[PDB]
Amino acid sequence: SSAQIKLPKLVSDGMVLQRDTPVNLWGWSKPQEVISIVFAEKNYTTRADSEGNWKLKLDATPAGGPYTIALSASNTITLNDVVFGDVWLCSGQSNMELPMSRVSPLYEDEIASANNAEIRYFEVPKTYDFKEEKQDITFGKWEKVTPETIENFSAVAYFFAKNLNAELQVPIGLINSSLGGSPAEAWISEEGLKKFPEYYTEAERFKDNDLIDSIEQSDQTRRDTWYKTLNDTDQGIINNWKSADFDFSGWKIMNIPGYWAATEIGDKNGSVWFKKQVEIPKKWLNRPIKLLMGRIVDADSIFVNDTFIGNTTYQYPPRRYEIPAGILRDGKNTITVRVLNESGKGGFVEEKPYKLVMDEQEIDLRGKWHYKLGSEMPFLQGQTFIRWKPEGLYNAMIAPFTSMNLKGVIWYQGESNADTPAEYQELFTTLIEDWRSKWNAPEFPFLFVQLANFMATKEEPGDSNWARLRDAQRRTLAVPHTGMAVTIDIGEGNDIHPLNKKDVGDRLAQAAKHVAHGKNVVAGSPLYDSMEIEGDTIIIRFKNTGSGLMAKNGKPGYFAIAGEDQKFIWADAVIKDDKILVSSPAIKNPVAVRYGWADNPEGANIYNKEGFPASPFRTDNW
C-alpha cells in the first residue's frame, strides 16, 4: 500500500520475533514517509523508499516479553503482546499439515490439557500465484496453544515446538505454510526453477488466467455431472434404502474390511450400500457411543436406524463418528453405509478399527455385512490440481516471509515426488539453496523428514521407488546445515498419514538441538558414512552412532548384500561398535549392501542407544 502505514499480516499482535539478533520489521507507507518506532523504550526511525516500502532492524533482544511496538507517521499502529523466541517456518505436504485433531487417538491427554502461551502459531492461507512473488497474504493471525486452538495445529510442528520450548525455555513461533499433495517444484522460486526447464516452462504456462479458468470449469462440470448422474441412478436413493426398516435379508454378503472388487460386483465404480444388524445391550442405551468405521475409499454417509450420523467426502480421513444418546434402541438396531467410489477399488481399508465404543467396552463390527450395488458409474477422472503446478506456492506462501528473521525450517515432503525419485536429490537441494538465497541469512538450518514406511511388506530383496526417494533425502544431507528425521519405524503400511507425529517432532527437535543450537548431543539417526570390502565381508561405517549401535528385538535385520551380478540376498549383519559387518555364505565377492530398502521394511531394526533409528541406505548407484 501507499496511503498510510500498513503492516504485513505476519507482523501483528501476539507475534514471535527472533531473539538474539538484529531483527527485521517491515511494511508499507507513503513514498519517502518517515516512520517513527518506539520499542523497549528506545526510538527508531526509518524512511520508506519511493515505492512506499520500509524496513529496519530492531536491537537484538533476549528471549521473553511481552513488548509493545508503537509505529507512527500519518497514522499509528501499536503491536501488542510481542515476544522474542525462536521462529520456525514449517512447510511441506500432507504430513506437515496433518492437525492434532487427526492424530487425537494417540494424544487425548495432550489435547485436553494443552495450554502454553509461549508456543505460538501462524497458519498461512493455502493458495498460489503464478504472476508474481507476493509480499503479503490475505489473512492470518498469531494464536497461542490453548485447548480451544490445539486441535487445528500441525501435529509435527506442535510436538517439535513442545520439545524445544521444554528444553530451551524460550518462546517458539511456528509459521505453518504447507499444502496437501504438493510436489517440491511447487515450492521453488522462478530463479531456482531455471535448473529445471520442464518445471520453469510449466510455471510460465500458468500465468494465463484464461487457461486456469478453462481447466477449472471443465473439471468442475465433469465432477458435478458425475455426482448428479450418480444420485439420479442410485437405486438406494430411489428406493429409500437408508430406511432402518428396509428388508436387506435377501442381499449378498461380504466381509468388512475388504473391497467389493472381490464380490460379484467386480471392479465397478459408483455407489454400493452396506447394512448390518447389531445387538446393543440395555446398558449401552441413552449414552453417547463412538462409531469407528476405519477408512473408506472414497466417500461415505452412515445412518444408524433412521438417523444420519455423519459423512466423509474423500478417502484419507479416518471415520470417527458419534452416535448421540437416544438413537440406539433396545436390542434391534441397523447400521447403513452408502459408499461412493470415484476411481480405484472402493471399499473398507484393512487393518483399521470397525467397532462401536463405550467407555472401555467395544462391539466389533468386523465380519459379515450385507451389500448391494446402488449405481454403476464410469470412473471419474481426478481434477488438474492447479495448486500443485511449479512455483505457485513459493510465490504466494513463501515469498511473503523472506524478510522475516527465522531460526530455521522444518520440512516434511516427498510423497508426491516418490514416482520420480531420480531427480529428487537435485530438486530438493535446489529448493534449499533457492530459499537460502532469498533469506540471505548468516545461517539457515533446514531440517527435513525422511518418508515413513508405507504399503505392503515384501519377503525378498527388491527395488522400491519409495526407498529411492528416502535415499535421495538421505543424500541431501551433503547440503550444509541440514538434518533429517527418520520415520521408517513409525509409519503405517495401510495409511500414508500415520498418527505418530510426536516421534517425528522429537526427532526434528534432536536435529535442531545439534544443527541450529550447536548442542553437544547426537545429531539424530545413524547415517551411512562409508564401506570397506574385506574378503566375504562388507564393513559399514556410520555417523551419528552416539553411545553405540544396537538392534532392537533380535539380530540386525533387513540387510541384503550383492556381488557384481547385482542380485541381492538377505545377509547376516553383526554390530562391532559404530560399524556393521555384513556378509553372506552364498556370496564370496560382495560389492554392495542395502539396508531397509523397501516400501515397508518391517524388520529394519538398527538404532543408536539414544533411540534414533538408522536411516535406510544403499552403497550402490545401480
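Don't overthink the numbering: it's just position in the shown sequence, from 1.
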Going by the average Cα B-factor in the PDB entry, point out whether 116-124 or 101-109 comes out higher.
-> 101-109
Stretch with the higher entry mean CA B-factor, where the candidates are 406-414 and 548-556 | 548-556
Using the entry's values, work out which of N269, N163, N494, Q383 has the largest Cα B factor.
-> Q383
Using the temperature factors in the entry, find which of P183, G250, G310, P197 has the highest value at its Cα atom.
-> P197
Ranked against its chain, the third holding the CA B-factor of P601 = middle
In terms of the CA temperature factor given in the entry, to which third of its chain does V38 belong: lowest, middle or highest?
-> middle
Which third of the chain holds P613 when residues are ordered by C-alpha B factor: lowest, middle or highest?
-> middle
Looking at the C-alpha B-factor of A63, is it in the lowest, middle or highest third of its chain?
-> lowest
Chain-wide C-alpha B factor ranking for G483, given as lowest, middle or highest third = lowest
